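Q: Based on what follows, work out the 3D shape:
(one chain, ligands or ions: 3)
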Amino acid sequence: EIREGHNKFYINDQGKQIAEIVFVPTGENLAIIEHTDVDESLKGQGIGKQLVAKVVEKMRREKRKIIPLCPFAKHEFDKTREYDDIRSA
Ligand code: NI
Ligand code: NI
Ligand code: NI
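A: Numbers count the residues shown, from 1 in each chain. Ligands and ions are numbered 1, 2, ... in the order given. Sure, structure below:
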């Protein structure tokens, strides 16, 4: 279901992309979440949260903290106490 590319996690339905999140390393220690979007047809299903979660597990492994620039990503960070020890500003 959730696939990985260079600076991205995405999901494809026939192979059409119905969700993505795009993140960018700066320095050796930071990453930015620039963009997350999910097709409007999936809107109920928590897919955005799940995509943010993947970027977080990845950045935890690679010892990078995350600046959640995308408003949606930023929203997730504000709710999730678990992401406090991985946030930077
Ligand atoms: Ni799935
Ligand atoms: Ni895109
Ligand atoms: Ni809400």
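
Q: host element of the residue lying closest to residue 49 once chain neighbours are set aside?
A: Among residues not flanking residue 49 along the chain, residue 76 sits closest, at 6.2 Å (CB to CB, 6 or more residues apart in numbering). No exception for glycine: its C-beta is placed from N, CA and C like everyone else's. For residue 76, the host element (DSSP states H and E) is helix 71-79.

Q: Distance from the chain centre to that helix, please.
A: For helix 71-79, the separation from the chain centroid amounts to 10 Å (computed by CA atoms, centre = their mean, to the nearest Å).

Q: Buried residues in it, which are they?
A: 72, 73, 76, 77 (16 or more other CB atoms under 10 Å).

Q: same question, stretch 78-89
A: 83, 86.

Q: hmm, who's touching that stretch?
A: Here stretch 78-89 makes contact (CB atoms under 8 Å, 6 or more residues apart in numbering) with 30, 56, 59, 60, 65, 66, 67, 68, 76, 77.

Q: what is residue 33 paired to in the beta sheet?
A: Using DSSP bridges, the bridge partners assigned to residue 33 are residue 23, residue 68.

Q: what residues are up against it?
A: 21, 22, 23, 52, 55, 66, 67, 68, 69, 70, 73.
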